[PDB]
Every structure is written in C-alpha cells, then in structure tokens.
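Student: Got a structure for you, questions after.
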There are 2 protein chains.
Amino acid sequence: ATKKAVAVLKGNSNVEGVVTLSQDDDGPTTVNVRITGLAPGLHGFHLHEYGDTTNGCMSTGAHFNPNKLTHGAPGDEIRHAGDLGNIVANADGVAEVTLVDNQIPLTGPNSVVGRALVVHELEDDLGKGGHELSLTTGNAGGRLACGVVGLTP
Amino acid sequence: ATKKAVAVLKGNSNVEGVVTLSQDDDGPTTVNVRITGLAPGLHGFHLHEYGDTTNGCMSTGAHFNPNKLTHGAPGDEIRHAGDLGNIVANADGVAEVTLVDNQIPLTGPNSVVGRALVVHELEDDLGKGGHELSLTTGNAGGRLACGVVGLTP
Ligand SMILES: [Zn+2]
Ligand SMILES: [Zn+2]
C-alpha cells in the first residue's frame, strides 16, 4: 500500500524548502528533501513532536520520541524516532538528498502525519559531542525553517 | 482520551489566523476559529482534502469528501465532511467563532490531521444557490488563507 505526505518548510530567515515522504505498509519511509538558502555545510534535520507553528518553529516541541530514548544518529540503536541526522548544503546553499528511515511511519500509532520537519542552524553532533545538549538536541542550534507534515495524492 | 490539533492560516494577502481543534473518542470535534484581516461579512470556511501547500492554497484540493456527496450546509444531510459553513467577519475584519462538527474526527479513517483548513473570499451559498459551483465549492470564491492541521499537546 502507498501513502504520501509533504511538508513545506518556512521560517524566520531566508531558508525555504519542500520535503516529500512516502511509504508502503510496514515499510521504510522515503524522504526527499530540497531546501535552499542554507549556509554551506552540515545542518541538523529532524522530525519534531508537534505540527504546532503558532509561536514560530519553537512550538513544534522536541524531537519526536515515542520510545523515550536519548538523541542519536540515524544508524544508532539509541535514538529519537525523529533523528534523521544531517543534511548537506552545497556551495550554493542548497541541500538535496534522499533519506530512508524506519521510525517515521505515515500510519499507525507512531504516524508522523501532522507533526513537523525542522531544519536547524548548526551541525547535528549525533549524540557523540559530550555537551549538555548532545543527548537532547544534538546541539544543532536554532530553528531555520519548519513545516507541518500533510497528506498528498 | 482527548486529542488536539491546530492550524495556522496564511496566504497570498493580508489574512492570518489560528484554528484549534479538539475531540474525545467518537465525540464531535470542537473548532475554535480566530482569523484577522478579512473583509467584513460572511466567508466560506471549509476543511479541504490535502495538507499540500506547495502551489499556494490551491494544492489543498477540494472540500474533504469521504462520502462522495455534494456541497451543503453544516446542518444538512447531504454535505461534504469538510463543509463547516460560514464564518462572520465583524466590522474590524475579525472572525472569532466556535463551531462543533461530527464529520471531521481527529482519529480513524476519516481523520483530518494532515489536511487543510481554508478561509475563502466570498460567502458560501450552502448548495442552495443554483449556480454551477453551488454543488461543489458553494461559489465561495478564491482562497484567502490556509494551514495544515497539525498535532498539539
Ligand atoms: Zn534527537
Ligand atoms: Zn463542500
């Protein structure tokens, strides 16, 4: 079975983007990211708890964390469901990349439809940074843009 | 066992707003609307099919219609699930209103999480307008603002 969703990223900056998600059944979720206006380099890219955009990107809450674990890299055992790792922005400030993930379904109890995708200001340290923020946010800095994950055909 | 959702309405104009939704169980959904910058008068306010905002408010598709019926008023029998009727904008351009509805749940197959709320430019004619558009859009005109329905605490 095929389910699809999209997120339009906007924020208090010049960062804009589109993200599409698709999955079939218990399958993994394929994530296609295109974001422009980023500073060249690595950027944290996470799926956050809430699709609330009232008070800017902050209302989206923390990283989606159904298994109540600590922050990690996508390939780690111990990680938040929403830890998608880093996005690389090229010399033109554009990040295009396709990710695959197990922990962000489009159906079921752990569905991420109606939650948020956020692109961050700094590199995500994947938990291994030994900073106080390492085990919660990855020390990825402020929030550049976000969007609610909504349904598409 | 209470579910909650929110939608932040923006668009190609000067209309902005917040909408909050809540339901418990098979219960009705409560909708709290606050929209500013509207022209004084009646405005169509509908829940559309898709949370897609790629190409403005147009990507959100038509009125959410799981039962494949024609356009109607909220109290009719023959109506789209998304037909919430009209919103009244006072002399200052502000519409505050609390609606209750049966056909826009926050769980189950007919969930509206990840879909869109749209506020329209003209009065919704509730189907009884005998225009070609009367049975599909209510002839409510262009789309002033929309937002994706996302989860909150
Ligand atoms: Zn995390
Ligand atoms: Zn309708």
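Every chain in the structure tokens takes a letter, A first, then B, and so on in the order presented; its residues are numbered from 1, and the ligands are numbered from 1 following the presented order.
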Give me, as a PyMOL selection string, the set of residues whose atoms come within 8 Å of any atom of ligand 2, counting only C-alpha atoms and all ligand atoms.
Tutor: chain B and resi 46+62-65+70-73+79-83+126+135-138
Student: Can I get the selected residues back with C-alpha atoms, as a PDB file, in the first residue's frame?
Tutor:
```pdb
ATOM      1  CA  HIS B  46     -14.026  24.606   4.757  1.00  0.00           C
ATOM      2  CA  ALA B  62     -11.381  20.235  -2.974  1.00  0.00           C
ATOM      3  CA  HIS B  63     -13.571  20.002   0.089  1.00  0.00           C
ATOM      4  CA  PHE B  64     -12.825  16.889   2.130  1.00  0.00           C
ATOM      5  CA  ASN B  65     -15.412  14.404   0.863  1.00  0.00           C
ATOM      6  CA  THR B  70     -22.475  17.219  -2.947  1.00  0.00           C
ATOM      7  CA  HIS B  71     -21.863  20.583  -1.251  1.00  0.00           C
ATOM      8  CA  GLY B  72     -24.207  21.609   1.545  1.00  0.00           C
ATOM      9  CA  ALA B  73     -24.506  23.484   4.847  1.00  0.00           C
ATOM     10  CA  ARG B  79     -22.814  17.667   2.531  1.00  0.00           C
ATOM     11  CA  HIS B  80     -19.075  17.214   2.266  1.00  0.00           C
ATOM     12  CA  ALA B  81     -17.379  16.230   5.551  1.00  0.00           C
ATOM     13  CA  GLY B  82     -15.460  19.460   5.180  1.00  0.00           C
ATOM     14  CA  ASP B  83     -18.470  21.764   4.976  1.00  0.00           C
ATOM     15  CA  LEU B 126     -24.512  26.254   1.209  1.00  0.00           C
ATOM     16  CA  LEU B 135     -22.819  21.819  -5.632  1.00  0.00           C
ATOM     17  CA  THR B 136     -19.020  21.662  -5.487  1.00  0.00           C
ATOM     18  CA  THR B 137     -17.499  24.794  -3.882  1.00  0.00           C
ATOM     19  CA  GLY B 138     -20.528  26.794  -2.698  1.00  0.00           C
TER      20      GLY B 138
END
```
Student: Write down, as a list in words, each residue of chain B that has any atom within 8 Å of an atom of chain A, counting only C-alpha atoms.
Tutor: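 Result: residues 5, 6, 7, 8, 18, 50, 51, 52, 53, 54, 113, 114, 115, 148, 149, 150, 151, 152 and 153 of chain B.
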Student: Produce a file of the selected residues containing N, CA and C atoms, as a PDB file, in the first residue's frame.
Tutor:
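Output below, filename part37.pdb:
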```pdb
ATOM      1  N   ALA B   5      -5.546  19.412  17.960  1.00  0.00           N
ATOM      2  CA  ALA B   5      -4.822  19.823  16.763  1.00  0.00           C
ATOM      3  C   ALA B   5      -4.942  21.321  16.556  1.00  0.00           C
ATOM      4  N   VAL B   6      -4.035  21.866  15.744  1.00  0.00           N
ATOM      5  CA  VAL B   6      -4.034  23.287  15.456  1.00  0.00           C
ATOM      6  C   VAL B   6      -3.717  23.529  13.974  1.00  0.00           C
ATOM      7  N   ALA B   7      -4.132  24.684  13.463  1.00  0.00           N
ATOM      8  CA  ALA B   7      -3.829  25.078  12.092  1.00  0.00           C
ATOM      9  C   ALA B   7      -3.509  26.566  12.071  1.00  0.00           C
ATOM     10  N   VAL B   8      -2.417  26.927  11.395  1.00  0.00           N
ATOM     11  CA  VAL B   8      -2.041  28.323  11.304  1.00  0.00           C
ATOM     12  C   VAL B   8      -2.313  28.818   9.896  1.00  0.00           C
ATOM     13  N   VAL B  18      -5.533  31.588  13.480  1.00  0.00           N
ATOM     14  CA  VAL B  18      -5.218  30.348  14.165  1.00  0.00           C
ATOM     15  C   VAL B  18      -6.517  29.537  14.322  1.00  0.00           C
ATOM     16  N   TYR B  50      -6.355  17.946   1.165  1.00  0.00           N
ATOM     17  CA  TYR B  50      -4.907  17.759   1.262  1.00  0.00           C
ATOM     18  C   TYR B  50      -4.161  18.838   2.056  1.00  0.00           C
ATOM     19  N   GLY B  51      -3.147  18.426   2.821  1.00  0.00           N
ATOM     20  CA  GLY B  51      -2.274  19.325   3.552  1.00  0.00           C
ATOM     21  C   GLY B  51      -1.135  19.748   2.651  1.00  0.00           C
ATOM     22  N   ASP B  52      -1.382  19.813   1.353  1.00  0.00           N
ATOM     23  CA  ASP B  52      -0.347  20.240   0.427  1.00  0.00           C
ATOM     24  C   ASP B  52      -0.434  21.764   0.209  1.00  0.00           C
ATOM     25  N   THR B  53       0.626  22.486   0.542  1.00  0.00           N
ATOM     26  CA  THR B  53       0.654  23.929   0.302  1.00  0.00           C
ATOM     27  C   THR B  53       1.783  24.328  -0.666  1.00  0.00           C
ATOM     28  N   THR B  54       2.215  23.381  -1.493  1.00  0.00           N
ATOM     29  CA  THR B  54       3.279  23.634  -2.458  1.00  0.00           C
ATOM     30  C   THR B  54       2.935  24.814  -3.360  1.00  0.00           C
ATOM     31  N   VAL B 113      -6.294  15.139  10.425  1.00  0.00           N
ATOM     32  CA  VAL B 113      -4.954  15.546  10.755  1.00  0.00           C
ATOM     33  C   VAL B 113      -4.213  15.398   9.448  1.00  0.00           C
ATOM     34  N   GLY B 114      -3.492  16.453   9.050  1.00  0.00           N
ATOM     35  CA  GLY B 114      -2.650  16.421   7.869  1.00  0.00           C
ATOM     36  C   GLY B 114      -3.403  16.927   6.675  1.00  0.00           C
ATOM     37  N   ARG B 115      -4.623  17.383   6.898  1.00  0.00           N
ATOM     38  CA  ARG B 115      -5.368  18.004   5.827  1.00  0.00           C
ATOM     39  C   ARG B 115      -5.340  19.524   6.028  1.00  0.00           C
ATOM     40  N   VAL B 148      -2.099  23.688   7.370  1.00  0.00           N
ATOM     41  CA  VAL B 148      -2.196  22.257   7.618  1.00  0.00           C
ATOM     42  C   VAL B 148      -2.648  21.971   9.045  1.00  0.00           C
ATOM     43  N   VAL B 149      -3.519  21.008   9.222  1.00  0.00           N
ATOM     44  CA  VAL B 149      -3.935  20.648  10.559  1.00  0.00           C
ATOM     45  C   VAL B 149      -2.867  19.774  11.217  1.00  0.00           C
ATOM     46  N   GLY B 150      -2.229  20.288  12.261  1.00  0.00           N
ATOM     47  CA  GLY B 150      -1.166  19.539  12.911  1.00  0.00           C
ATOM     48  C   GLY B 150      -1.434  19.232  14.371  1.00  0.00           C
ATOM     49  N   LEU B 151      -0.702  18.256  14.903  1.00  0.00           N
ATOM     50  CA  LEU B 151      -0.922  17.814  16.261  1.00  0.00           C
ATOM     51  C   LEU B 151      -0.400  18.797  17.297  1.00  0.00           C
ATOM     52  N   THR B 152      -1.074  18.943  18.444  1.00  0.00           N
ATOM     53  CA  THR B 152      -0.527  19.696  19.600  1.00  0.00           C
ATOM     54  C   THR B 152      -0.783  18.926  20.869  1.00  0.00           C
ATOM     55  N   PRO B 153      -0.191  19.395  21.993  1.00  0.00           N
ATOM     56  CA  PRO B 153      -0.422  18.768  23.295  1.00  0.00           C
ATOM     57  C   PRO B 153      -1.717  19.239  23.990  1.00  0.00           C
TER      58      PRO B 153
END
```
Student: May I have chain B as a JSON list (two decimals) with C-alpha atoms, in the first residue's frame, after a least-squares superposition on chain A that uses all C-alpha atoms paired in order?
Tutor:
```json
[["chain", "number", "residue", "atom", "x", "y", "z"],
["B", 1, "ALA", "CA", -1.21, 0.50, -0.70],
["B", 2, "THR", "CA", 1.15, 3.54, -0.88],
["B", 3, "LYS", "CA", 0.87, 6.55, 1.50],
["B", 4, "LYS", "CA", 2.33, 9.96, 0.67],
["B", 5, "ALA", "CA", 2.94, 13.19, 2.56],
["B", 6, "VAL", "CA", 4.58, 16.56, 2.04],
["B", 7, "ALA", "CA", 6.00, 19.39, 4.16],
["B", 8, "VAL", "CA", 6.65, 22.98, 3.11],
["B", 9, "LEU", "CA", 9.48, 24.49, 5.15],
["B", 10, "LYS", "CA", 9.44, 28.22, 6.00],
["B", 11, "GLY", "CA", 10.74, 30.34, 8.84],
["B", 12, "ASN", "CA", 12.24, 33.49, 10.33],
["B", 13, "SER", "CA", 15.04, 33.87, 7.78],
["B", 14, "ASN", "CA", 15.82, 33.04, 4.15],
["B", 15, "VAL", "CA", 15.51, 29.25, 4.25],
["B", 16, "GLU", "CA", 12.76, 27.58, 2.21],
["B", 17, "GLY", "CA", 12.21, 24.04, 1.12],
["B", 18, "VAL", "CA", 9.93, 21.15, 0.23],
["B", 19, "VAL", "CA", 10.06, 17.67, 1.73],
["B", 20, "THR", "CA", 8.11, 14.66, 0.42],
["B", 21, "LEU", "CA", 7.56, 11.41, 2.30],
["B", 22, "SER", "CA", 6.30, 8.06, 1.09],
["B", 23, "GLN", "CA", 5.93, 4.54, 2.50],
["B", 24, "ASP", "CA", 4.08, 1.31, 1.64],
["B", 25, "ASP", "CA", 2.78, -0.80, 4.58],
["B", 26, "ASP", "CA", 5.16, -1.53, 7.50],
["B", 27, "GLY", "CA", 7.85, -0.49, 5.03],
["B", 28, "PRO", "CA", 10.57, 2.15, 5.56],
["B", 29, "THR", "CA", 9.63, 5.81, 4.76],
["B", 30, "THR", "CA", 11.44, 7.48, 1.85],
["B", 31, "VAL", "CA", 12.23, 11.14, 2.46],
["B", 32, "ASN", "CA", 13.09, 13.52, -0.44],
["B", 33, "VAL", "CA", 14.54, 16.82, 0.74],
["B", 34, "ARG", "CA", 15.13, 20.02, -1.19],
["B", 35, "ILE", "CA", 16.02, 23.07, 0.91],
["B", 36, "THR", "CA", 17.48, 26.39, -0.31],
["B", 37, "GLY", "CA", 19.16, 29.39, 1.36],
["B", 38, "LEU", "CA", 21.19, 27.41, 3.89],
["B", 39, "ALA", "CA", 24.78, 28.29, 4.85],
["B", 40, "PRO", "CA", 27.08, 25.83, 3.10],
["B", 41, "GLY", "CA", 27.90, 22.90, 5.39],
["B", 42, "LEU", "CA", 26.16, 20.37, 7.64],
["B", 43, "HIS", "CA", 22.74, 21.03, 9.14],
["B", 44, "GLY", "CA", 20.60, 19.16, 11.60],
["B", 45, "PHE", "CA", 17.36, 17.86, 10.13],
["B", 46, "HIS", "CA", 14.87, 16.34, 12.53],
["B", 47, "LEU", "CA", 11.21, 15.37, 12.77],
["B", 48, "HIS", "CA", 9.79, 17.22, 15.79],
["B", 49, "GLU", "CA", 6.84, 16.23, 18.02],
["B", 50, "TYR", "CA", 4.13, 18.75, 17.13],
["B", 51, "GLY", "CA", 2.65, 20.33, 13.98],
["B", 52, "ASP", "CA", 2.15, 23.49, 16.00],
["B", 53, "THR", "CA", 3.59, 26.60, 14.30],
["B", 54, "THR", "CA", 1.76, 29.20, 16.42],
["B", 55, "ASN", "CA", 4.89, 30.64, 18.04],
["B", 56, "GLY", "CA", 7.26, 30.15, 15.11],
["B", 57, "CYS", "CA", 9.30, 26.97, 14.86],
["B", 58, "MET", "CA", 9.58, 26.69, 18.64],
["B", 59, "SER", "CA", 6.03, 25.38, 19.09],
["B", 60, "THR", "CA", 6.93, 22.22, 17.32],
["B", 61, "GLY", "CA", 8.46, 20.93, 20.52],
["B", 62, "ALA", "CA", 11.36, 18.47, 20.84],
["B", 63, "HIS", "CA", 12.48, 15.64, 18.61],
["B", 64, "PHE", "CA", 9.72, 13.08, 18.08],
["B", 65, "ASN", "CA", 10.47, 10.46, 20.73],
["B", 66, "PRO", "CA", 7.88, 7.64, 21.14],
["B", 67, "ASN", "CA", 10.43, 5.28, 22.73],
["B", 68, "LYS", "CA", 11.68, 7.80, 25.28],
["B", 69, "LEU", "CA", 15.39, 7.42, 24.39],
["B", 70, "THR", "CA", 18.29, 9.87, 24.01],
["B", 71, "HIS", "CA", 19.56, 11.71, 20.92],
["B", 72, "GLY", "CA", 21.59, 9.74, 18.39],
["B", 73, "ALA", "CA", 22.44, 9.33, 14.70],
["B", 74, "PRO", "CA", 20.06, 7.66, 12.27],
["B", 75, "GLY", "CA", 22.07, 4.45, 12.24],
["B", 76, "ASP", "CA", 22.38, 4.16, 16.01],
["B", 77, "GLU", "CA", 20.14, 1.98, 18.16],
["B", 78, "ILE", "CA", 19.63, 4.58, 20.86],
["B", 79, "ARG", "CA", 17.99, 7.50, 19.05],
["B", 80, "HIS", "CA", 14.81, 9.53, 18.86],
["B", 81, "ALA", "CA", 12.39, 8.40, 16.12],
["B", 82, "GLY", "CA", 12.86, 11.86, 14.69],
["B", 83, "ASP", "CA", 16.64, 11.71, 14.35],
["B", 84, "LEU", "CA", 17.27, 11.91, 10.58],
["B", 85, "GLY", "CA", 20.82, 13.19, 11.03],
["B", 86, "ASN", "CA", 22.50, 15.80, 8.87],
["B", 87, "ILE", "CA", 21.62, 17.43, 5.57],
["B", 88, "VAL", "CA", 24.50, 18.79, 3.45],
["B", 89, "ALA", "CA", 24.18, 22.26, 1.93],
["B", 90, "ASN", "CA", 26.37, 22.71, -1.17],
["B", 91, "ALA", "CA", 28.31, 25.84, -2.09],
["B", 92, "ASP", "CA", 25.13, 27.49, -3.43],
["B", 93, "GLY", "CA", 23.29, 26.95, -0.18],
["B", 94, "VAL", "CA", 21.18, 24.11, -1.45],
["B", 95, "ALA", "CA", 20.58, 20.76, 0.11],
["B", 96, "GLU", "CA", 19.13, 17.96, -1.95],
["B", 97, "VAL", "CA", 19.09, 14.51, -0.48],
["B", 98, "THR", "CA", 17.07, 11.32, -0.26],
["B", 99, "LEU", "CA", 16.93, 9.56, 3.12],
["B", 100, "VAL", "CA", 15.34, 6.27, 4.14],
["B", 101, "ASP", "CA", 14.11, 5.64, 7.70],
["B", 102, "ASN", "CA", 12.35, 3.02, 9.85],
["B", 103, "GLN", "CA", 10.99, 5.08, 12.69],
["B", 104, "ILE", "CA", 8.81, 7.70, 10.97],
["B", 105, "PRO", "CA", 5.80, 5.80, 9.55],
["B", 106, "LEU", "CA", 2.87, 7.47, 7.81],
["B", 107, "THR", "CA", 0.30, 5.24, 9.62],
["B", 108, "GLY", "CA", -0.21, 3.54, 12.94],
["B", 109, "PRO", "CA", 0.38, 4.85, 16.46],
["B", 110, "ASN", "CA", 3.73, 6.32, 15.57],
["B", 111, "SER", "CA", 2.46, 8.20, 12.50],
["B", 112, "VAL", "CA", 4.24, 11.47, 11.77],
["B", 113, "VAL", "CA", 1.40, 12.97, 9.77],
["B", 114, "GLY", "CA", 0.55, 16.22, 11.53],
["B", 115, "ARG", "CA", 3.95, 16.58, 13.08],
["B", 116, "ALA", "CA", 6.76, 18.89, 11.94],
["B", 117, "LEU", "CA", 10.01, 18.73, 10.00],
["B", 118, "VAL", "CA", 12.63, 21.29, 11.09],
["B", 119, "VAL", "CA", 15.96, 22.21, 9.53],
["B", 120, "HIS", "CA", 18.48, 23.56, 12.03],
["B", 121, "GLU", "CA", 21.20, 26.23, 11.96],
["B", 122, "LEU", "CA", 24.24, 24.10, 12.98],
["B", 123, "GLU", "CA", 25.68, 20.63, 12.57],
["B", 124, "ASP", "CA", 23.94, 17.88, 14.53],
["B", 125, "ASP", "CA", 26.56, 16.13, 16.69],
["B", 126, "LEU", "CA", 24.66, 12.81, 16.67],
["B", 127, "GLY", "CA", 24.95, 12.43, 20.48],
["B", 128, "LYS", "CA", 28.71, 11.89, 20.49],
["B", 129, "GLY", "CA", 29.53, 15.54, 21.26],
["B", 130, "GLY", "CA", 29.69, 15.26, 25.04],
["B", 131, "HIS", "CA", 27.84, 18.56, 25.49],
["B", 132, "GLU", "CA", 24.84, 19.01, 27.76],
["B", 133, "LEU", "CA", 22.69, 19.41, 24.64],
["B", 134, "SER", "CA", 24.23, 16.39, 22.94],
["B", 135, "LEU", "CA", 21.72, 13.94, 24.38],
["B", 136, "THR", "CA", 18.61, 16.02, 23.69],
["B", 137, "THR", "CA", 19.04, 18.29, 20.63],
["B", 138, "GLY", "CA", 22.44, 17.30, 19.20],
["B", 139, "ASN", "CA", 23.38, 20.93, 19.81],
["B", 140, "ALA", "CA", 22.09, 21.81, 16.37],
["B", 141, "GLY", "CA", 21.36, 25.37, 17.25],
["B", 142, "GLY", "CA", 18.36, 27.52, 16.35],
["B", 143, "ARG", "CA", 15.47, 26.62, 14.03],
["B", 144, "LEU", "CA", 15.77, 27.93, 10.47],
["B", 145, "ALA", "CA", 12.58, 26.61, 8.96],
["B", 146, "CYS", "CA", 9.80, 24.08, 9.55],
["B", 147, "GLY", "CA", 6.58, 22.75, 8.12],
["B", 148, "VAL", "CA", 3.72, 20.50, 9.08],
["B", 149, "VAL", "CA", 3.68, 17.07, 7.50],
["B", 150, "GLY", "CA", 0.48, 16.91, 5.46],
["B", 151, "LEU", "CA", -1.26, 14.39, 3.24],
["B", 152, "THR", "CA", -0.95, 14.38, -0.60],
["B", 153, "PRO", "CA", -2.15, 12.16, -3.45]]
```
Student: Got a sec to tell me which of stretch 102-131 of chain A DSSP assigns to strand (DSSP E), as number ranges by chain?
Tutor: A: 116-120
